[PDB]
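Letter by letter, the chains look like this.
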Amino acid sequence: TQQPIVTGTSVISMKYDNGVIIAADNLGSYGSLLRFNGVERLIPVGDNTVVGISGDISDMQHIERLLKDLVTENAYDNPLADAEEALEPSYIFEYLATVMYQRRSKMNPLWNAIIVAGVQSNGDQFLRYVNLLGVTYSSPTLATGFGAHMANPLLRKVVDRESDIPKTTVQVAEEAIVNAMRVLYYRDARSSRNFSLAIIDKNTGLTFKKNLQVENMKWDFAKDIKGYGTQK
Amino acid sequence: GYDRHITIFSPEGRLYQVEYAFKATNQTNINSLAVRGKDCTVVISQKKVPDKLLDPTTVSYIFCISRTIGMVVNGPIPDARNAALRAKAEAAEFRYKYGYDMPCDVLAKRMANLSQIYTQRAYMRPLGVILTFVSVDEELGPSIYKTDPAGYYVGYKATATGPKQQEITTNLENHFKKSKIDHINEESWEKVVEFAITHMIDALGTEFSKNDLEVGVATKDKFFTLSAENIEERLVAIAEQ
Amino acid sequence: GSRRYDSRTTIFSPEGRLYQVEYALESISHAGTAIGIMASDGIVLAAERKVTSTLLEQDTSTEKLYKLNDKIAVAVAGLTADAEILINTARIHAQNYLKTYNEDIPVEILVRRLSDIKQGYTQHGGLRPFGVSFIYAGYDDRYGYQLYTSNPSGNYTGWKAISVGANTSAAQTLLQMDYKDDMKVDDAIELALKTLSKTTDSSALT
Amino acid sequence: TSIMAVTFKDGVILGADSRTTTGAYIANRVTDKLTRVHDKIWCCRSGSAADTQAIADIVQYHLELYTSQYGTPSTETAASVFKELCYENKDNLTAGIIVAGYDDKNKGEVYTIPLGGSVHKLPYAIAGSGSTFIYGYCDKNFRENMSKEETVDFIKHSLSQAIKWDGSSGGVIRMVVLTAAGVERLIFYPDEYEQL
Amino acid sequence: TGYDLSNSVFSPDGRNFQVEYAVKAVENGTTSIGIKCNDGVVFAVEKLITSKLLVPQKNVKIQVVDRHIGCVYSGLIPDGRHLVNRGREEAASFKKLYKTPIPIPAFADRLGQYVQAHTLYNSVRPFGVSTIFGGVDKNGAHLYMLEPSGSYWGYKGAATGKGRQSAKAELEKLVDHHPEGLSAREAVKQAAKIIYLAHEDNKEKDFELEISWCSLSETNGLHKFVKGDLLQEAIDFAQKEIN
Amino acid sequence: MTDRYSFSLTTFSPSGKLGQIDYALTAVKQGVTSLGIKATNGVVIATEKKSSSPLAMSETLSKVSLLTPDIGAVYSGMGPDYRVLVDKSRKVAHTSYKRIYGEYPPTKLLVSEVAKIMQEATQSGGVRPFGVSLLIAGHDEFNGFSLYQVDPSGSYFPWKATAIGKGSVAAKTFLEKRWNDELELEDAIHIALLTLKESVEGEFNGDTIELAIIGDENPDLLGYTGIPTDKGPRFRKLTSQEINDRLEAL
Amino acid sequence: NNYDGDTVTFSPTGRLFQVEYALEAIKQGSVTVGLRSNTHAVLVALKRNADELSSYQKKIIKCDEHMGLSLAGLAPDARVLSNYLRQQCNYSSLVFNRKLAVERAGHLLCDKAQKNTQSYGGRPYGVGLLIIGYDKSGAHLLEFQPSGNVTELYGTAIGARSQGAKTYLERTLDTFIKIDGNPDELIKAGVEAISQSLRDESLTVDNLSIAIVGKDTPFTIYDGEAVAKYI
Amino acid sequence: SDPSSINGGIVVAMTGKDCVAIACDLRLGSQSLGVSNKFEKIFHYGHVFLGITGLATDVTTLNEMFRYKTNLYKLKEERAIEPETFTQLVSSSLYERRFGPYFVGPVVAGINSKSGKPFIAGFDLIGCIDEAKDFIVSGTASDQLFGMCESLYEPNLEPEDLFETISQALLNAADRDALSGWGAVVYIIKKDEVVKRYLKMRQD
Amino acid sequence: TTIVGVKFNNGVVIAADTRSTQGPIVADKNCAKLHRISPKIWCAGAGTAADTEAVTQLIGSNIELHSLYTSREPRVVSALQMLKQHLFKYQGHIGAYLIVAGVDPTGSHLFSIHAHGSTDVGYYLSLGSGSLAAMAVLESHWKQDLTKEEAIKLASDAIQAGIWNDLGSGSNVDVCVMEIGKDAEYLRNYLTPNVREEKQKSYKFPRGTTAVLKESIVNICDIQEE
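- As recorded in the PDB header, cryo-EM is the method behind this entry, and the stated resolution is 7.8 Å.

Structure below.
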């Protein structure tokens, strides 16, 4: 079957009233040798959708080709049809789920964990999860890999139910993501310094800010707490 | 009636379709000439580009089968393009299986075998073009093989094609009996190119400009085409002679 | 197009049989006189070779007699080319059976089989029929000696004496007269050769 | 197993060891893991020798069609042909190939294809089990866009360590200078740098 | 005389009567022109509006292949769509293998050889279209025209249809006034000029002007249709000269 | 597609004629005459090459093709057809008898195998018969030296001597008159030169006349020395120089 | 002549004879006229029956909630093309969460018609279909010609005695486009049109069949007391 | 366990002066149930003789495979299949099941009648030619035969001096192997006659 | 099993033992390990001997076809490539090991190929289960530009070292010398050392020591008349 070679650690995300903010570490870890650094794992498709991918770099690029095919198929023939029946995040999410489905029943998975983030033509917040286990569900905060266990409760502290989407603004979400990337880095071994951050509004589009670096690590307890037990 | 159209036997012996392949050749009116250097194999062709509507540079009669083997075609343009694709595939496949590039001769033989298949099979048809493979093989030096729409083939030490080859063919026989030498044996690549162009001019009776020529030159492990500017310089040497 | 040459090649004449069969019959008949005579204690196979020269080495040539096995042989009347195919098929088919049951195949099943292959080419496909008539000579204990001829129509029948090729008419006449139930191998040899001496379209009989 | 492709000012230089082991037995120590597939694109082989030989012959053929029909493969174009085959045939073929070439126009480029297979353009790359040692040394002492003489020196210096620390690695430094002047083979005896 | 009843087969002429009649249908078709420009290429087409009950700017025959290829056609309309769809499957395969947008000389081969496979036989009938295609890639401007016959070269300018005679003479004048090649933005006003003059040949039924272009950087190495303001300018300039 | 050509097109006529087999003989006659004479200690086969331009290398065109080192072949009729059959023969011989039994086929067997291909190709529609008639000369241990004529009908027949080509009939009467039971290779060679001259007006010289033999043993060209009782190549095409010496005894 | 049997062999003219006969068949069949506004598409079709004993036969069949067709010419061939479309609509919808556009669906049928004229011994379908639909881009009416020409049109009519409908269509062309937000009036306009196209065999309550799909109108076929309303 | 050892048994072959001889035990079992003493492992197709060891069901199939192929050979070529040609055919055939191979061990014997050369051959499951004219042995007690045969044999043995030598060689070893015994057949093959001799011996 | 190949200036020399073994039971005391794909490409097998014999034959057929067709002498490179592919198809189940040594129009060549289908160039190379005893000798005696004379020596010695060490080696030692453009000289039984102790005393039986149940003439010829 598929044995994991090169993988990305985490993609982290939430909702707010006018859109979605998705961010991710950029890393291709090969065992404990961190062989590739700054493998970007957010792929914008248009300005209304970003596909953030964790897991295999190998499989991630096989999925990329399909992503290429998705745009062209839409663009084909009349431009005015697909202007006003443009690719929603829903259209890309479905296309993908189908391909995965077939592959894994035949015992040869397309080994990835995906979050498709965007906003409709409608502007409705769309945030949904699909992965290699075929589990598909929407949730107000989402994260994959390590980041589920670690980063995600912070995000979830702020947005808890569907009624707290309007109340959150874009400013609030961005501070929350940022605070979480810091913690994340601190407490993940397989973390990269380098991370990119994407804000998608249905009123300004995509602003992509690349190559942010983690802030100074906290070291207040490194210089006081010594030994490890009875012995020093 | 029927025996003409499909490639079954005719009461004469010869297929109507193979004869028709030659007549069709004549309608382009573009004449190609091939000679051998000691160390090179030189092809010059007439190049016709009547108006500016068609772009000059794109007009071509040369197809690079591989990085070494050149091919000059005499005859219809669609058919040439079709045959050209097949030959590239063959050459490569032979590298895969055997670890080395197909010799010029071997390649010619393969195409002739294909040619045969097209003249037994009823819906398949023989190609209207004539395929002249040139190379300088490493081991064997200069190599000319001409392959026919029949698939009849033989090697050469110089040959000419086009509907007005008849003039060139006799002039070549006369030149080479006189000299005695079977082929031009100048080491230098530049001399054989001057000789080829000058000889064409005598034979057809019509003078040319750089514009009216397209010059291919093959040496070992390599095919390359001479730039416009080199060809101008080559004419300065001719004018001086 | 491509439908211009086609014209329902394989269609019955009003009679009930394809024209083509007839024509193939015509071809076979060009071949020389072949006689098989069935006797109480054996079978005689004799044939006179035509379409032949002495320049062509006739001390090794085969256009008649082929060995299928020990008990089973053929005499061919028709295209050597059409025949060659069938003799090979008949050999493998018999061999399969031999291996399967370790008992020789019956003669009747051998004939039936070859006959279907014939029928195939005219039932569909538009392929011209195979121009062969074989004289099948065999032995099994069930029926004793058995003597068949088979046709390109793919019909086969049982016979006690029969001829195919040239002068089948003149030969058939004499044979019926001469056929007896006490008849042995040794009489059939003489008889055949006297028939042959008369039917010869060659210079002589050699 | 020590292989690298390291870019510089005027193109890119490949260097590799020769010693190839099966077991604790040195199987062959005159191996040529720097290998021809197109005039200016060569390939550094590591991993099962069989799998890598087989693929190099299959891609080669493809490359020759590329040239003829669609123009000269870039280094990028060529790398992509390896990526496909090794992804689809991941389990069968375990092959880690660095594909690196010199275009006149686009300069030296280095692309590495893992066992799992995935392209990376990187300014330079270092790989092999016996070359772990020289990740520290190399990164720290990299000078970007070296003089040509500095690029030759640099690889030699790093490799003295790698042979010390690793028995599988050893033998002549076989080198291919991929520059405008073309292909220049260099060989440097192991004695000159192990002792000095 | 039996070669007119047998699809694509050698003859004493050599060229079969079927391949010849396919050209006749192309000729009845709408004017189509192509200009090779300095830094891009401009495709323009006369769309004859037979009736006003056609929806303007919705019957469009500019077919996109990839993100950089424009193709436009005259002749038999089913034959035209089928070659482009078939071209797209082919193109998709190449991009997968080689992870590169397909080159123009590359794609030119994809399109040509499909036709050839059907001239070799008599079982399968070949296309009756001439397709003007091209765009910008890494090797530059490329303007092509393919025949139902299967022969193509580059063109400083190409033309086909009933008004091809108007197109061709002015196309030559352009190379005369501009031997360095007239630039992609200036050429858009000129293309529209040629179309209008060509409309005199095709004057019996009205036309609607429809222009597109692919340019190195004027479009920003993209495919776009000439629309709004730019379109508008080109309308005025053209009219103004035939007046 | 649909290809409506499966149906036989070598259909009988009202008089049983096989249209395409009759026409194939026409191509044979335009061939350049070849002949074969069988002796007690070998086979000689002889022909003149097809005409060509001097400028063309006349070495390349060779109508006599070695198919196995023990079995050679020469033809009359079309050139294109011959080549395809020659590859096909080398192919079928290795797959079916040199992988199984590890040996080049028996001589009659190879003739039997070629003959089937010719039978299907004339039986089946949409494929015209080969327009060539072969002389396959060979040796095998079991049947000794042999010479067989293979017709496009695919019938094959042993002949003491024969000729195919332009003047096949005339040449047969000639060959019969000089056939003996004390023939040698040498006597045979003499006859072949007389025959060939009568039937071909061309020039007789060692570079355009082919004389090739089935019969000389070659421990020398065995290509290896290590057990001489191996027969090695039976086939040898006589070298030009040698040919020139024998043209004194034309 | 001679180019009527053969499909692989181009007519001298370059227009195949089979295709001229396929168009011929369209003309013998039932009148059907289509028109569109911006918020709706409306189809009017004459139901036919052999005899008095025969019950009237609906010619417009709901294909999907957003699609339906009318047939004019041969009924048997219509069935092949219509099944095809149901499969394709559903496949697409399942994969992309993207409804099969009218524009795209048209190309599918087209490439399909191409293959059978390409291939020797095939035949064109002897039928026309007017495919209507309403999707996010708008209302639409597409023309399928057996010649392989697909056109978006404000209105068109095919069938026997199409001419009354055709003059009506030019005239009422600007008027029906500014009518929106009223289904009922658009449907009335169609009835006016079809009765001009007929001479003898007057329409009754079940000789008429109507279909409408719109922004706020699911694809519904109206018959009986429903169309009593618009008569 | 081993498929060869269900029936086990032995085949021995030697060459003598213008003769060969091939012999074998007649024991056939299914494990520790002795079934038959009448079973023959040695078959003949002309002057080629074939003793076959191993899995009993696979023997009957191999015989049959080869019954077919050898007769078709005789008919088309008009001649018996030489020992020489046959050995080759045997090797190709074993190969056919490359993986999951045939579980059988053929041993060829014969006289090339066309030259007068004594010929014997051996084989393994995959099939390779094991050439050695002095002896070829096979089976479950192949080990035992080797010692015996090498010592008894003296290069070039007279036809009936060969007879003493083969007979004793088999007898001693066969009782002293539990999957061998129950009599024997000794085929003495000379060019002009073949004699088939059931031997008197302890069945135990 | 010991095979050495040593390339030299004037040709390429293969030499091998003739004791063939199947387990510690010596299958054939003498039988050439040297086999011929062709007269200009000779080879020897290590590993599963059965597997080697077969694969040489199968592939070696294709090569003959190519060889006839290109109308050149068998090319070392053409054979090597073909073989590599075939093994690879099973992913190297085939237990074959071959020393592929020969001459062709481009000079003299030696290569190895392994069961997985690994190949290597060598000026000298060794395969066998006695590969390690043989290889030691070569690396010492070796110098640049061996002559024909020297190459015989190293090959004979190296196989001779293996007799003392590797058990599967033993008996006659054969050498074949493949020269460029020239017939391959087989010096079969290049060495012949002494095997088999002459009998101490007879073990040949007196007549009459056997007990015979019956005899019957059994026909084998096609049935003949009386």
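## Digging into the overall build of chain B
Logical step 1: A count of helical and extended segments in chain B gives seven helices and 10 strands.
Logical step 2: Relative to a compact globule of 241 residues, whose C-alpha radius of gyration would be 18 Å, chain B shows 18 Å and is just as compact.
Logical step 3: Summarising its shape, the C-alpha atoms of chain B cover approximately 60 × 45 × 45 Å along the three principal directions.
Logical step 4: Taken over 241 residues, chain B has a buried fraction of 62%.
Logical step 5: Accessible surface computed for chain B: about 9400 Å², of which carbon and sulfur atoms make up 50%.
Logical step 6: Each charge sign in chain B was given a centre, from 29 positive and 31 negative side chains, and these centres are 5 Å apart.

## Digging into the environment of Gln69 of chain D
Logical step 1: Turning to its location among the elements, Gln69 of chain D is positioned in helix α1 (residues 49-70).
Logical step 2: Accessibility expressed as a relative area gives 15% for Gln69 of chain D, which makes it buried.
Logical step 3: Setting aside chain neighbours within four positions, we find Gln69 of chain D in contact with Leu85 and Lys88 of chain B together with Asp109 of chain E.
Logical step 4: One polar contact links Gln69 of chain D to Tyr70 of chain D, side chain to side chain, over a distance of 2.9 Å.

## Details of the pattern of salt bridges
Logical step 1: Under the criterion given, the structure shown has 71 salt bridges over all chains.
Logical step 2: One salt bridge in this structure joins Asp87 of chain F and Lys109 of chain B, with 3.7 Å as the shortest N-O distance. Within this pair, whereas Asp87 of chain F is found in helix α2 (residues 79-97), its partner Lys109 of chain B is found in helix α4 (residues 104-120), the two belonging to separate chains. In this pair, the class of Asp87 of chain F matches that of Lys109 of chain B, namely buried.
Logical step 3: Here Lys29 of chain I makes a salt bridge to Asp134 of chain H, at a shortest N to O gap of 4.0 Å. One end of the pair, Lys29 of chain I, is in the loop between β4 (25-28) and β5 (34-38); the other, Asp134 of chain H, is in the loop between β8 (117-122) and β9 (135-139), on a second chain.
Logical step 4: Relative accessible area serves as the criterion here: at 35%, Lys29 of chain I is assigned to the partly exposed category.
Logical step 5: Residue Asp134 of chain H is classed as partly exposed on the basis of its relative accessible area of 27%.
Logical step 6: Among the charged side chains, a network of salt bridges with common partners joins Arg67, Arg95 and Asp101 of chain B together with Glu64 of chain D.

## So, the sheet that holds strand β2 (residues 10-16) of chain A
Residue and element names in this part refer to chain A.
Logical step 1: Taking strand neighbours across the sheet as the criterion, the five strands line up as β10-β2-β3-β11-β12 in an open arrangement whose pairing is antiparallel. Strands with a single pairing partner mark the edges of an open sheet, and in this sheet they are β10 (141-145) and β12 (205-213). Strand-to-strand twist across the sheet, computed as the mean angle between neighbouring axes with direction ignored, equals 10 degrees.
Logical step 2: Both strand β11 (residues 194-201) and β12 contribute to a ladder of seven bridges, which runs antiparallel. Across the sheet, residue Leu197 finds its bridge partner in β12, namely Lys209.
Logical step 3: The sheet strands contacting helix α7 (residues 170-186) are β2, β3 (19-25) and β11, and the helix crosses β2 at an angle near 160 degrees.

## Let's talk about helix α3 (residues 104-120) of chain E
Residue and element names in this part refer to chain E.
Logical step 1: Over its 17 residues, α3 runs 25 Å from end to end, which matches the ideal 24 Å to within 8%, given 1.5 Å per residue.
Logical step 2: In terms of burial, α3 is largely enclosed, as 12 of its 17 residues are buried.
Logical step 3: All of the buried residues along α3 are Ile104, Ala106, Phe107, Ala108, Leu111, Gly112, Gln113, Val115, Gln116, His118, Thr119 and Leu120.

## Quick look at the interface of chain F and chain B
Logical step 1: With 31 residues of chain F at the interface, the matching set in chain B holds 30 residues.
Logical step 2: Summing both partners gives a buried area of about 2900 Å² for chain F against chain B, and 63% of it is carried by carbon and sulfur.
Logical step 3: If you sort the residues of chain F by the area they bury against chain B, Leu55, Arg83 and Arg128 of chain F come out on top, with a joint share of 27%.
Logical step 4: On the surface where chain F and chain B come into contact, there are one salt bridge.
Logical step 5: Within the residue set of the side of chain F that touches chain B, elements represented by two or more residues are α1 (19-30) and α2 of chain F.
Logical step 6: Ranked by the residues each element gives to the side of chain F that touches chain B, the list is headed by α2 of chain F, at six residues.
Logical step 7: Along the lines of polarity and charge, the residues of the side of chain F that touches chain B split into 16 nonpolar, eight polar and seven charged.

## Some points on unusual backbone geometry
Logical step 1: The backbone of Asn211 of chain A shows a phi angle near 60 degrees, a positive value even though the residue is not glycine.
Logical step 2: By the secondary structure assignment, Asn211 of chain A is in strand β12.
Logical step 3: In this model, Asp200 of chain G sits at a positive phi of 60 degrees, which is unusual for a non-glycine residue.

## Quick look at the sheet that holds strand β1 (residues 32-36) of chain G
All names here are of chain G.
Logical step 1: Strand order in this open sheet of five strands is β8-β1-β2-β9-β10, and the pairing throughout is antiparallel. Both outer strands of the open sheet, β8 (155-158) and β10 (220-222), are each paired with one neighbouring strand and no more. Recorded for the sheet is a direction-independent mean angle of 15 degrees between the axes of neighbouring strands.
Logical step 2: Bridge analysis of β1 against β8 gives four bridges, and the strand direction is antiparallel.

## Some words on the interface of chain I and chain H
Logical step 1: Each partner contributes to the interface: chain I provides 37 residues, whereas chain H provides 41 residues.
Logical step 2: The junction of chain I with chain H conceals about 3300 Å² of combined surface from both sides, 57% of it contributed by carbon and sulfur atoms.
Logical step 3: When residues of chain I are sorted by the area they lose upon contact with chain H, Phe205, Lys214 and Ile220 of chain I head the list and together hold 18% of the total.
Logical step 4: Applying the counting criterion to the chain I and chain H interface returns four salt bridges.
Logical step 5: Here chain I is connected to chain H by 14 residue pairs in polar contact.
Logical step 6: Only β4, α1 (49-70) and β13 (216-217) of chain I provide two or more residues apiece to the side of chain I that touches chain H.
Logical step 7: The dominant element in the side of chain I that touches chain H, judged by the number of residues it contributes, is α1 of chain I, at six residues.
Logical step 8: Partitioning the side of chain I that touches chain H into residue classes produces 17 nonpolar, 10 polar and 10 charged.
Logical step 9: As paired elements, strand β11 (residues 194-199) of chain H and β13 of chain I share two bridges and run antiparallel to each other. Counted as the bridge partner of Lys196 of chain H is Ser216 of chain I from β13 of chain I.

## Some remarks on the state of the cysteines
Logical step 1: Tallied over the entire structure, the rule returns zero disulfides over all chains.
Logical step 2: Not part of a disulfide, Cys104 of chain B finds its nearest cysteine sulfur in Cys64 of chain B, a span of 13 Å.
Logical step 3: Left without a disulfide partner, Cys128 of chain H is nearest to the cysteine sulfur of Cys31 of chain I, which lies 8.7 Å away.
Logical step 4: Here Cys128 of chain H falls in the buried class, since its relative accessible area comes to 5%.

## Considerations on the nonpolar core
Residues and elements named next belong to chain D.
Logical step 1: If you look at the biggest cluster of nonpolar residues, it comprises 44 residues, and the most contacted ones within it are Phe82 and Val99.
Logical step 2: Per-element accounting of this core gives the leading share, eight residues, to α1.
Logical step 3: Apart from the residues within four sequence positions on either side, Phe82 is in contact with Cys43, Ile55, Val59, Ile97, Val99 and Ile113.

## Details of the packing of helix α6 (residues 189-204) of chain B against helix α7 (residues 228-240) of chain B
Residues and elements named next belong to chain B.
Logical step 1: Following both chains from N to C, one finds α6 and α7 inclined at 70 degrees, their axes separated by 10 Å at the closest point. One element, α6, and the other, α7, form an angle in the roughly perpendicular class. Listed contacts from α7 to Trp189, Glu190, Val193, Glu194, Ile197 and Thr198 of α6 are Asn230, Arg234, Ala237 and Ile238.
Logical step 2: Taken together, the residues of the contact of α6 with α7 sort by class into five nonpolar, two polar and three charged.

## Quick word on the pairing of strand β4 (residues 70-74) of chain B
All names here are of chain B.
Logical step 1: Burial within β4 is extensive, with five of its five residues counted as buried.
Logical step 2: Going residue by residue along β4, you find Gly70, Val72 and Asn74 tucked away on one face and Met71 and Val73 tucked away on the opposite face as well.
Logical step 3: One ladder, built from three bridges, connects strand β3 (residues 62-64) with β4; its direction is antiparallel. Paired with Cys64 across the two strands is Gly70, which belongs to β4.
Logical step 4: Counting the residues that bridge the hairpin from β3 to β4 gives five residues.

The rules behind these values
- Residues numbered from 1 in each chain as written, not as in the entry; some residues may be left out.
- Chains lettered and ligands numbered in written order.
- Part of a larger assembly, values for the part shown.
- Heavy atoms only, no water.
- Helix = DSSP H or I, 4+ residues; strand = E, 2+ residues; numbered from the N terminus.
- Rg over C-alpha atoms; globule rule 2.2 N^0.38 Å.
- Buried < 20%, exposed > 50% of the residue type's maximum accessible area, 1.4 Å probe, protein only.
- Areas by Shrake-Rupley, 256 points an atom, 1.4 Å probe, with all protein chains shown as cover.
- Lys, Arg positive; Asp, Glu negative; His and termini not counted.
- Charge placed at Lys NZ, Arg CZ, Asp CG, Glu CD.
- Contact = heavy atoms within 4.5 Å.
- Polar contact = N/O pair within 3.5 Å; in protein donor to acceptor, adjacent residues only side chain to side chain.
- Salt bridge = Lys/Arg side-chain N within 4 Å of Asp/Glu carboxyl O.
- Pairing = 2+ DSSP bridges.
- Axes fitted to C-alpha atoms, helices over the stretch in contact; angles between N-to-C directions.
- Expected span 1.5 Å × (residues − 1).
- Buried area = accessible area lost by both parts, 1.4 Å probe.
- Nonpolar A, V, L, I, M, F, W, Y, C, P; charged D, E, K, R; others polar.
- Disulfide = S-S within 2.5 Å.
- Core = buried A, V, L, I, M, F, W, Y, C linked by side-chain atoms within 4.5 Å.
- Parallel < 35°, antiparallel > 145°, perpendicular 65-115°, else oblique.

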